[PDB]
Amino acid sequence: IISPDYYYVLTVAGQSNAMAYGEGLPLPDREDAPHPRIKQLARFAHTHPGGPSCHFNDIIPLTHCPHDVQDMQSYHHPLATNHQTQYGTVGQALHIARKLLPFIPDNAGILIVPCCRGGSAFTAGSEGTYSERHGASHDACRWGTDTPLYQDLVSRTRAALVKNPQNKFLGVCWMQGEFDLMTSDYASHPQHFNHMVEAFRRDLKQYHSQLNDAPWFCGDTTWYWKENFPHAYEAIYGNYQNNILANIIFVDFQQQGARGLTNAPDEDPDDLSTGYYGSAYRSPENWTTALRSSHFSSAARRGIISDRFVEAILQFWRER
């Protein structure tokens, strides 16, 4: 109704589990309702399918299916009625933002900077290209210092801060590693990641006035990846817990050996009373990946995943 004076800025980056890979139905009247104070930097040519035009880096409403490098907004659930409101898959950025909002001043909003790409990695994936006017190409799948994905991450974060000198940076929510677990070169990931974080910090340092070594909140992955690639998981995700760099904060969601929380049909039950139909209704013609357990559910993203990030972000900012 009244636009904010300034924004608390949070960048969201990584691969599939950082973004909208929840296959259960969006709930735009409830847990997935957009809020006028919660925004994102645009990427696509429209805010959503059938919605208004937007330009790259425009401030637009943040929704359940954000403007990441990979566009998931047409991966509709079979039982979605209104494809203007219930489009696509579900990501946690909105729920992180909604859960943070009560803690910031009335005259501030939250501005998410979505920079995720499904199936991206440090050790595999096409470079793609970077366009000044439009950001990383659809085929940019390689993380690493100076790749298109890195440029998009740095360029969009800077753009968010430059928009308003009163904007304040809360840090990066990073969830990445899954594809690197599979490669014969998995052991190079810790140094590739560390080098990218140091490059990011060098490249953003001059905005010190707006940084309140900005924290990277690095999230865990699903039970599928942990159980199937334990040696690589220990190297890659262990590096998020025992990093040599300052302010690398590991965010996890479940106990050792636990299953649950994924798009596996048995793990994503319906709630008829709220109109939530889970991933069990999807089929190869409409699902993301044939491996169901490789991604967190819409329900997990609305719940424990966004809970745990928000707990970590509030704690970090309160302990200094």
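All residue numbers refer to positions in the sequence shown, first residue = 1.
Asks: Do any residues of the deposited sequence lie unmodelled between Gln241 and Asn242, and which range holds their number: none, 1 to 3, 4 to 9, or 10 or more?
Replies: Gap between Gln241 and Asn242: none.
Asks: Averaging the C-alpha B factors as listed in the entry, name the stretch that ends up higher: 252-260 or 52-60.
Replies: Between 52-60 and 252-260, it is 52-60 that shows the higher mean C-alpha B-factor.
Asks: Using only C-alpha atoms and the B-factors in the entry, which stretch averages higher, 29-37 or 288-296?
Replies: Here the higher of the two C-alpha B-factor means belongs to 29-37.
Asks: Specify which of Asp185, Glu178, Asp71, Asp220 carries the largest Cα B factor in the deposited PDB entry.
Replies: Of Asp185, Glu178, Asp71, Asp220, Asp185 has the highest C-alpha B-factor.
Asks: Looking at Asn107, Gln92, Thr145, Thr89, which one carries the largest C-alpha B-factor according to the PDB entry?
Replies: Result of the comparison over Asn107, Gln92, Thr145, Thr89: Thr145.
Asks: For the chain shown, is the CA B-factor of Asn194 in the lowest, middle or highest third of its modelled residues?
Replies: Middle third, going by the recorded CA B-factors of the chain.
Asks: In terms of the chain's CA B-factor thirds, is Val113 lowest, middle or highest?
Replies: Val113: CA B-factor falls in the lowest third of its chain.
Asks: Quick check for you: using the entry's CA B-factors within this chain, is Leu314 in the lowest, middle or highest third?
Replies: Tercile = middle for this residue's CA B-factor.
Asks: Which third, lowest, middle or highest, does the C-alpha temperature factor of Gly119 belong to within its own chain?
Replies: Ranked within chain, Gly119 CA B lands in the middle tercile.
Asks: Would you check the entry's CA temperature factor for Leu101 and let me know if it's in the chain's lowest, middle or highest third?
Replies: It belongs to the middle third of the chain when residues are ordered by C-alpha B-factor.
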